[PDB]
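Each chain, written out:
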Amino acid sequence: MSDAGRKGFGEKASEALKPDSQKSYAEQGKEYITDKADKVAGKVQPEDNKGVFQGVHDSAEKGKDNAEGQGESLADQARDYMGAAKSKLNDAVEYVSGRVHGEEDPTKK
């Protein structure tokens, strides 16, 4: 039998008659897992820590050409330097110094 309900008579009559004797019972149970599970899938991966910056860092693809050769001496670094600075400085301070700002206890020995 067609469940897609091309005319809708199957989606309305079937949903309009729903005795709510199972769904409300099963649904309530699934909604509790389905939701949590849907997340345990995007976090389960322990290497996902790099995936967050994988699609973000891509934005710097333009300024990520520091690999290029030198020319002005101060320009060669301006590319990478500016990056390793704000990046490491922020990722080392903003990320670390910022995360420790809340915890006044020894979290990393």
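Sequence order as written determines residue numbers, which begin from 1 on each chain and need not coincide with the entry numbering; residues that lack coordinates are not included. Computation of side-chain values: all heavy atoms of the structure, hydrogens and water removed.

**Q** Account for unusual backbone geometry, naming residues and giving values.
**A** The backbone phi angle of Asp-20 is positive, close to 50 degrees, even though this residue is not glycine. Secondary structure counts use DSSP, requiring at least four H or I residues in a row for a helix and at least two E residues in a row for a strand, with both numbered from the N terminus. In this fold, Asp-20 is placed in the loop between α1 (9-16) and α2 (23-43). Phi at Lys-109 takes a positive value of approximately 55 degrees, unusual for a residue other than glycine. Its place among the elements puts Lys-109 in the segment after α4 (74-100). Accessibility expressed as a relative area gives 98% for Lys-109, which makes it exposed. Relative accessibility decides the category of a residue: with a 1.4 Å probe and only protein chains considered, values under 20% of the type maximum give buried, values over 50% give exposed, and everything between is partly exposed.

**Q** Could you give me a rundown of the side chain of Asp-76, with the residues and numbers involved?
**A** Secondary-structure assignment places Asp-76 in helix α4. Despite its burial, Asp-76 pairs with no opposite charge; the closest candidate is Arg-79, at 8.5 Å N-O. With residues up to four places along the chain from it excluded, the contact list for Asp-76 reads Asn-66, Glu-68 and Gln-70. As used throughout, the charge tally considers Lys and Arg to be positive and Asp and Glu to be negative, leaving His and the chain termini uncounted. By convention in these notes, a salt bridge is any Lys or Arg side-chain nitrogen within 4 Å of a carboxyl oxygen on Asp or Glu. Contacts are assigned to residue pairs with any non-hydrogen atoms lying within 4.5 Å of each other.

**Q** An account of a negative patch on the surface is requested, with residue identities and associated values reported.
**A** A surface patch of like charges, here negative, comprises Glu-27, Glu-31, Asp-35 and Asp-38. Tracing the backbone shows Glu-27 in helix α2. In this structure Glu-27 comes out as exposed when scored by relative accessible area, which is 51%. Within the patch definition used here, like charges are joined within 9 Å and nonpolar side chains (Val, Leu, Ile, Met, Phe, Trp, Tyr) within 5 Å, considering only residues with over 30% relative accessible area and no salt bridge. Only the protein chains shown count as covering a residue, and every accessible area follows the Shrake-Rupley method with a 1.4 Å probe. Think of each charge as sitting on NZ of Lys, CZ of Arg, CG of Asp or CD of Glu.

**Q** Explain the layout of surface pockets to me, and be specific about the residues and the numbers.
**A** Cavity: a set of points on a 1 Å grid over the protein atoms alone where a 1.4 Å probe fits but cannot get out. Pocket: an open set with protein on both sides within 12 Å along at least five of seven lines, its lining residues, like those of a cavity, having an atom within 4 Å of a point. Grid points are joined across faces, edges and corners, and a volume is the space filled by probe spheres set on the points. Reported here for the largest pocket is a volume of approximately 430 Å³. Together, 15 residues line the largest pocket, and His-57, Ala-60, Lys-64, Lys-86 and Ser-87 are the ones closest to its centre. Side-chain classes are defined by residue name, with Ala, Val, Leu, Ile, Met, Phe, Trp, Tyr, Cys and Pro counting as nonpolar, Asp, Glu, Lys and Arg as charged, and the others, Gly among them, as polar. Across the lining of the largest pocket, the residue classes break down as 4 nonpolar, 6 polar and 5 charged.

**Q** Can you tell me about the side chain of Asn-66, naming the residues and giving the values?
**A** Mapping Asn-66 onto the fold places it in the loop between α3 (51-54) and α4. Under the relative-accessibility criterion, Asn-66 is labelled buried at 14%. N or O atoms within 3.5 Å of each other form a polar contact, as long as, within protein, one can give a hydrogen and the other can take it, and as long as residues adjacent in sequence are counted only when both atoms are side-chain atoms. A distance of 3.0 Å separates polar atoms of two side chains, one belonging to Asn-66 and the other to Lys-64. Once residues within four sequence positions are removed from consideration, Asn-66 is found in contact with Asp-76, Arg-79 and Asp-80.

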